[PDB]
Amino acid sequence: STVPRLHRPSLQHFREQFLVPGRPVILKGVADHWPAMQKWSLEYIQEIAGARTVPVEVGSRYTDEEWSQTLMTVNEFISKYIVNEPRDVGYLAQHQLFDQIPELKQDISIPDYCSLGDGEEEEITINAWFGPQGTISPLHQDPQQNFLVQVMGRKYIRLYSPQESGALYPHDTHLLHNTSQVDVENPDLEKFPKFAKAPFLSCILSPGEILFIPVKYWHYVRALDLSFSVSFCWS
């Protein structure tokens, strides 16, 4: 099935129908008037952030044995992994860019829905996810609520309830236990037969849309275009 899309639901409606039961939804009409939606382009990103050092994940998926993490400038990242026919997949993933570069923080807004949480606003973490077409974040689950805001490009996203965890074959080690052993888009059904029948939601997340990923919901993400998303991690 597809993730439902709602236009600016009330706080109460979001709390009662999505946050408390732990059900995904796409919020429309909320982030579409972030300044980022019209300002962020490669040129603007280079102007404001190009000289700054960022961590870059290199490799198809963080579960790959070739995968590694390095450091470079934002200008270098764009040159090597976006604009010039890249040799390998690079991803400026899970980085607190807005703490590093407060000028860019002015182009976004924390969703008012986060105030329904039991945590402090000062404890919300804001992460950038910026990369070329084809980045893949393998199926995993996170320990907080998430609003994933799409600014540039589109992402294909697959969501599996925590009720389906047994069909997702989590890694057995403590370090990887919140990551699935399965490749969502080409699963080894000989090794992982229960995966095939596990129900899920999916969507293509487009610019200006916010996906609510409930705490512990399993998610898999593939960028369909040059993409920039902003996540808000909250409780």
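The first residue of the shown sequence is 1; numbering continues from there.
- Of the two segments, 114 to 122 and 129 to 137, the one listed with the higher mean B-factor is 114 to 122 (C-alpha atoms only).
- Looking at 67 to 75 and 145 to 153 together, the entry lists the larger mean B-factor for 67 to 75, computed on C-alpha atoms.
- When the modelled residues of the chain are ordered by C-alpha B-factor, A36 sits in the middle third.
- When the modelled residues of the chain are ordered by C-alpha B-factor, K216 sits in the lowest third.
- For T173, the recorded CA B-factor ranks within the highest third of the chain. Only modelled residues enter the ranking.
- Split the chain's modelled residues into thirds by C-alpha temperature factor. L11 is in the highest one.
- Among the modelled residues of the chain, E185 sits in the lowest third by CA temperature factor in this PDB entry.
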